[PDB]
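Have a look at the structure below before the remarks.
Every chain is numbered from 1, with letters handed out A, B, ... down the list of sequences.
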Amino acid sequence: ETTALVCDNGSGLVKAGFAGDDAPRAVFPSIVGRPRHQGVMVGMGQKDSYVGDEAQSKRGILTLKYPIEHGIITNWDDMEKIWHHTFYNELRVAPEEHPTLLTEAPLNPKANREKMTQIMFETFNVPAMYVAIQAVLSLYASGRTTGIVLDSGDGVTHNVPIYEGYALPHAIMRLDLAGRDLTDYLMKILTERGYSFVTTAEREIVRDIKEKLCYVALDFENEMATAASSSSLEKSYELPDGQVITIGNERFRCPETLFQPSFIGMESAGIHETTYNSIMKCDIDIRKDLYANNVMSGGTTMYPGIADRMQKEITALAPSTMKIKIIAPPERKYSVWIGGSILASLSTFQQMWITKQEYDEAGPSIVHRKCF
Amino acid sequence: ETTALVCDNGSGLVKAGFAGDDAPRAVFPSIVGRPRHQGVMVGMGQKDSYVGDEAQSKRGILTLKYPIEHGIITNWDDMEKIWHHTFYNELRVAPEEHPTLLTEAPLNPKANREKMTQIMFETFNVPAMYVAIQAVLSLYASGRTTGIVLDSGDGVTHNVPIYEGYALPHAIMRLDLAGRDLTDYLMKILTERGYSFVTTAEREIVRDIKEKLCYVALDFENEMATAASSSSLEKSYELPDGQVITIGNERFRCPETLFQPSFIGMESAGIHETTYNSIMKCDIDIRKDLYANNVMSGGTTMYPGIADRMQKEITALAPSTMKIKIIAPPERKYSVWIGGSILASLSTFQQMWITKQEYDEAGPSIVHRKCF
Amino acid sequence: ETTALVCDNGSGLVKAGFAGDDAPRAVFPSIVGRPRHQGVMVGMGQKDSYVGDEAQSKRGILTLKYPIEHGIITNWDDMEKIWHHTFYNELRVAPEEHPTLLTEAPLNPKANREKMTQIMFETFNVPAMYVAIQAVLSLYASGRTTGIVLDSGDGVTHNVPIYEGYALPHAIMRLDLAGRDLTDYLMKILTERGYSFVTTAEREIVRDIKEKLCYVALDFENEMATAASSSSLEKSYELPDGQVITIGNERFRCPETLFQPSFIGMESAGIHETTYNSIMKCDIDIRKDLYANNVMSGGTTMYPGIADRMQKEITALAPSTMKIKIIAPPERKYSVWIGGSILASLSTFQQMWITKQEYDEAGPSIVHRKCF
Ligand SMILES: Nc1ncnc2c1ncn2[C@@H]1O[C@H](COP(=O)(O)OP(=O)(O)O)[C@@H](O)[C@H]1O
Ligand SMILES: Nc1ncnc2c1ncn2[C@@H]1O[C@H](COP(=O)(O)OP(=O)(O)O)[C@@H](O)[C@H]1O
Ligand SMILES: Nc1ncnc2c1ncn2[C@@H]1O[C@H](COP(=O)(O)OP(=O)(O)O)[C@@H](O)[C@H]1O
Ligand SMILES: [Mg+2]
Ligand SMILES: [Mg+2]
Ligand SMILES: [Mg+2]
């Protein structure tokens, strides 16, 4: 083949393009939007459903659904609209000509991967495809064969240890807390300063407040004290319609949910303890190299101060005699897709695709014997 | 102390009285009103503002302002008249004599609770006070350590799950739709039958139409079909001055907004879906006992048929494997205040009051470190 | 004494009672749990810690901690709550009056036995005590003085060869895989069918799924092929909250971790290989009588088909010239406690107790010269 696609069919935001390009060709919301009002205009070019940037643009008149929840596809009829849009609108390919690398979280339901395999061969007729783990792809972008990858998206956070190119699948950790739960918690805490955000259109406004204003405080109790000497840490922000809102300790109490999942009431260890537990499930000789190669990936790792905070916290859990080093590159917003564009381009990978001629004799069950 | 005051400082309607009474000593409109017409009579007892039953009585000559919107005090200069009137006129006690229990919605703005705290210690000089969640009080009145309380007053509808007396604040739900929004919708749909209601006093006339004649259908499409065999479900009502109006399917299409908020153009779950979502956000082992102890509170839960409609709808959402039971007691019009009268009476509660001596060294910020 | 106590302080299930009784007087979860939510009701039995069935019953609002991990007590402040509950709450004895037989896995830390001795004399003031090896007690319940015992609890699996009443301590094997690791692996593989169990309360739901439905395949590859021609091996389970989960090959792929520890990623012999390797470490003349007396003990030996599988596999490793018999009694769930109740009742054992008079001139290091 001369060109494959790589599609990072993620929660909240899809990244899409071709193998061997250095960054995604297309990046848009993993959203389908549907009207919630009467179509009172006549001769208007009214469309029954909107997807990606069209839905994000028109959202005052729409109800917005993400067809992926926690890295699991929950609405296949609208997920087919996202893949149809992806290929025919801004990639503008013929899917029958290009083999597609697809992307998934570890410890997902098998039925997700099977129906995703079925749609690619039976609805899009692709030549071939493969499903790769987001955290395995994240080491190709880094240029490594050992590291522990913390990947944190819109839906799921997960840790995957790799040493000398072998995964330790028994030491993988998954966590149903990422960019959506932080946005919902930001909506909840913004209520107590007097602002209301509740519609699926207002959750997108609060996602922009989260992306623009929020950060990870290197010591939470000292930052909560600092914010009581107020206006020192406060930022103003301008809503659609031009009303201004101001934010204080909620600017960093929001991202702290990653380190203290008890803020959203769940009983699980923080992302620091989860990375440390994942290294401690690994065999003793590999732990020293995993601590030094603690890779970060995905948009929920983009906060200011989060690499510093997690270096402070893994260094408090690990023994003091060795170098915890956290590798947070500036393109980590796309390092899954970038690593998929490398893998789909490798000359040795071209024998590993599931081909149409191998699917159609074995059914969607083929994807469990041929993929990790 | 020998007695304590207790107030549900309600949206639309205040309830007030003393600890250990089995019902409120006073219940009256949460209203202040000012003249909108000339005082032409010389030697008249002319007065520049009115409150409660006095404003409700003079409402031909007044414009009526509710100083509480959606459970938030939006007009302190008139809310201070409501609290002043409450203590000095129909409770007729000196506020410095008795500590006050006070009442709030969950997820409210912190500035509301702070300013309420300040006014009680600095305008009314009370010995001590506390602020309690309307739904936590409703389990004291119902005699339970566990339940999910749907509370629906004039201004707000909210759900609080409680199990073994511990609340789950991650699973709390709040909804800016209750008795006011149903009254505004009733003005709009009575206008489809040609009746005009637009002044604030006409909203009180339409509120009496709602309170006297409205009800919840067990199945809306069957009731809308039944109303096409007309004059069966329809009723007649007598206005002030003695004119009469006849009320059609708007008699049950009004309360159905609680189950279909899209009738008033907002994009949110109905009260059945939001109570189910609140149970489904809880820890799995507690859900069986929340379905069995679903408690109704506040005047917007007083419609005929609402318990039967909600038992039907929650039974359709929940798995059939277990017994949904909705506890709608007849005193649920006052169950918040009744629960406060129990809480203020308990010997083990008297250490939980914020005392004047504990406020004046910490300011109104004391309330967030002693209330829920 | 007229009665001693015997307390099999095992991982995650404590079995306790009097010497001379035929079964444990008390059996309960070896668990302590603490609230993880705000207590909003007051005038109530609010309690800062729950233990045993109180923790297991209220688990929907608790984080649950096991104070024993792999047969090692890791949290003594909660193990003292388990013994205090054992003695005062449902044995309802005064410990000062009764000598107590305690119990431990072989190849444990010496400090675990020392601190366990210290607490019994300095916190509970017992007249005397002893620490027995759980596999030596499994021969006492079995009514034989030669055999090899596969004991497998919640924390640890171990083999102890005994011939003519002498143990062969060079031939003891210990494996840090038993009922907890199988439960945790079932949480992992249930995720691949779409069910997330993640809290320490949901781990108890998965432990009940494991106990009710899981079984050991006689031939794993034949059973996997049988489950691929599906629906014949599937069963379903009703959760708390009344949602139903169906379970298929994960019903027997879970217990196969005992025969293939590489499923949880650990490098070791399976329980068949570890038992055979233990017989091979023994002196050649005893091996015939060890194969003829392969005793099984503890709850992780309770799966349907495990005796048939374990006999099938030892019979393939051992030479065909002689007969393997596996002795898996129907009471084997309590055979350590039953055998401890026999040992503590023997007239020949009453010289072997460590007495308070013999502890308080030697310190807790007495337990290394007087016990096993
Ligand atoms: N600069 C930023 N600060 C904070 N959050 C961000 C930033 N950029 C993106 N995000 C968040 O990252 C989440 C998804 O990013 P991504 O890694 O693409 O996840 P996914 O792989 O699930 O699509 C979104 O919820 C978005 O709000
Ligand atoms: N019989 C009734 N039918 C319908 N609505 C009622 C009835 N009685 C009271 N209400 C409504 O209940 C609302 C407030 O009741 P209440 O429970 O006191 O709320 P709050 O606690 O907010 O004061 C008012 O808007 C009123 O219209
Ligand atoms: N019928 C059963 N089938 C499978 N596992 C069981 C059964 N009964 C008990 N267990 C398991 O046995 C384990 C502990 O049993 P036990 O022998 O008391 O161990 P311990 O001595 O460590 O307390 C628990 O993890 C439980 O899940
Ligand atoms: Mg991602
Ligand atoms: Mg109320
Ligand atoms: Mg045991």
Side-chain angles (χ1 to χ4, degrees), chain A residues 34 36 63 65 69 74-78 200, chain B residues 135 146-152 157-161 163 168 171-175 177-178 182 214-227 233 249 252-264 266-298 300-329 332, chain C residues 194-195 236-246:
Chain A
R34 290 160 170 278
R36 69 181 190 85
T63 180
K65 308 300 294 186
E69 196 88 327
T74 65
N75 184 340
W76 294 98
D77 300 341
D78 287 0
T200 46
Chain B
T146 180
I148 177 171
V149 180
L150 182 134
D151 182 54
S152 189
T157 298
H158 60 94
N159 283 254
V160 184
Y163 180 90
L168 293 89
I172 290 180
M173 304 289 168
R174 191 183 189 294
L175 177 59
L177 155 58
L182 299 181
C214 284
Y215 73 99
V216 172
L218 184 60
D219 178 2
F220 180 64
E221 296 298 330
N222 183 27
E223 206 81 331
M224 288 290 284
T226 302
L233 275 41
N249 67 65
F252 64 85
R253 175 163 48 113
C254 162
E256 266 286 310
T257 311
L258 294 172
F259 300 84
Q260 304 189 64
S262 63
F263 286 1
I264 61 172
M266 69 177 60
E267 176 244 322
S268 61
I271 64 166
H272 60 303
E273 285 173 320
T274 214
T275 294
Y276 174 70
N277 289 345
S278 186
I279 299 165
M280 291 297 292
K281 285 212 75 186
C282 297
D283 213 339
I284 182 163
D285 306 82
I286 84 152
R287 296 179 191 157
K288 190 270 291 171
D289 295 321
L290 296 182
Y291 292 126
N293 293 23
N294 186 352
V295 172
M296 291 275 263
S297 173
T300 293
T301 69
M302 294 294 294
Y303 297 107
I306 194 169
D308 306 317
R309 176 66 154 143
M310 193 126 70
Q311 182 160 291
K312 177 199 178 301
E313 290 307 297
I314 302 283
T315 300
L317 290 171
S320 59
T321 331
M322 52 180 48
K323 46 184 173 183
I324 287 57
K325 179 174 87 283
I326 191 167
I327 150 65
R332 71 189 178 277
Chain C
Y195 323 119
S236 65
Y237 186 91
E238 184 202 320
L239 302 177
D241 108 353
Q243 176 178 338
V244 295
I245 65 99
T246 179

Side chain to side chain contact (heavy atoms under 4.5 Å, CB included) evaluation trace for B:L218 with B:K312:
CA-CA 8 Å; B:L218 184 60; B:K312 177 199 178 301; 3.9 Å; yes

Given side chain to side chain contact (heavy atoms under 4.5 Å, CB included), test B:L290 with B:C282 step by step and report yes or no.
CA-CA 9 Å; B:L290 296 182; B:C282 297; 3.7 Å; yes

Could you go through the side chain to side chain contact (heavy atoms under 4.5 Å, CB included) check for C:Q243 and B:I284 one step at a time?
CA-CA 10 Å; C:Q243 176 178 338; B:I284 182 163; 5.8 Å; no

Using side chain to side chain contact (heavy atoms under 4.5 Å, CB included), reason through B:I286 and B:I279 one step at a time and then give a plain yes or no.
CA-CA 8 Å; B:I286 84 152; B:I279 299 165; over 6 Å; no

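Side-chain contact between B:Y276 and B:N294 is absent, with no heavy atoms from C-beta onward closer than 4.5 Å. Side chains of B:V216 and B:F252 form no contact here, defined as non-hydrogen atoms less than 4.5 Å apart. Looking at heavy atoms from C-beta onward, B:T157 lies out of side-chain contact with B:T274 at the 4.5 angstrom threshold. Using a 4.5 Å cut-off on side-chain heavy atoms (C-beta onward), B:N159 and B:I148 make contact. Looking at B:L177 and B:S268, their side chains never come closer than 4.5 Å, going by heavy atoms from C-beta outward. Side-chain atoms of B:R309 and B:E256, non-hydrogen and from C-beta on, do get closer than 4.5 Å to each other. Side-chain atoms of B:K288 and C:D241, non-hydrogen and from C-beta on, never get closer than 4.5 Å to each other. Between B:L182 and B:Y303 there is a side-chain heavy-atom pair separated by less than 4.5 Å.
Here the shortest heavy-atom pairing between B:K281 and B:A171 reads CB-CB, 3.7 Å.
Under the ring-ring contact (aromatic ring centres under 6.0 Å, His included) criterion, B:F263 pairs with B:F220, not counting sequence neighbours.
Other residues, nucleotides and ligands place no more than 12 heavy atoms under 6.0 Å from the NZ atom of A:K65.
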